[PDB]
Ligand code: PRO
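Starting off, we have a lone chain in the form deposited without the named molecule, written out as structure tokens.
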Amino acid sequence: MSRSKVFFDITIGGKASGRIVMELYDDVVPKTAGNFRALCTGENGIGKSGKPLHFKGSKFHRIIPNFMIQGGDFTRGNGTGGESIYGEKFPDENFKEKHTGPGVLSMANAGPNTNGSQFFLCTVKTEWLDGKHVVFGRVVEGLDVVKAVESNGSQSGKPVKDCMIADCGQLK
């Protein structure tokens, strides 16, 4: 199909830090892009977990310098939770798009066919993830805000400060 545009308004340690605008690849990975889009708008409401199927208020719980920022765990907030709009986990749709550089938007997973709601924004080219994580979008504005979050990561993945998706939604 077409390409949806979505956003995150970010706070870092409670301070407004700008907006990340993303373009999704609806034409390439419609099922995967659709999940992400609906989790930006919150339009499928409460999920099987009893929590909102919505990125609003969740955090980037895992941030590794010179790698990527990862979020989407709005049920456990620690990497162990999350849920797609489809009901818990769904299969890898395709591997058409590759990890080419900073700004790349890709799904976190725990092995083949385990996509949920967790995702990462790459801060480098992560070509070693090609064929293992499904790429479904890219940042088109606010890459500076991605760098600001990145500066709060650690090798250990633990953030030094709460990096929060304070608002989010669909644009066009």
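Counting begins at 1, following the sequence as shown.
FYI, the form deposited with the named molecule bound isn't displayed, but the following is about it.
Within 4.5 Å of any heavy atom of the named molecule in the deposited bound form lies no heavy atom of residue 54. Proximity of residue 38 to the named molecule in the deposited bound form: non-hydrogen atoms within 4.5 Å are absent; the residue sits far from the partner.
None of the heavy atoms of residue 59 is located within 4.5 Å of the named molecule in the deposited bound form. The named molecule in the deposited bound form comes within 4.5 Å of no heavy atom belonging to residue 143.
When contacts are defined as a non-hydrogen atom within 4.5 Å, all of 67, 120 and 129 contact the named molecule in the deposited bound form. Remark: of stretches 22 to 30, 43 to 51, 143 to 151, 59 to 67, the one touching the named molecule in the deposited bound form is 59 to 67 (heavy atom within 4.5 Å).
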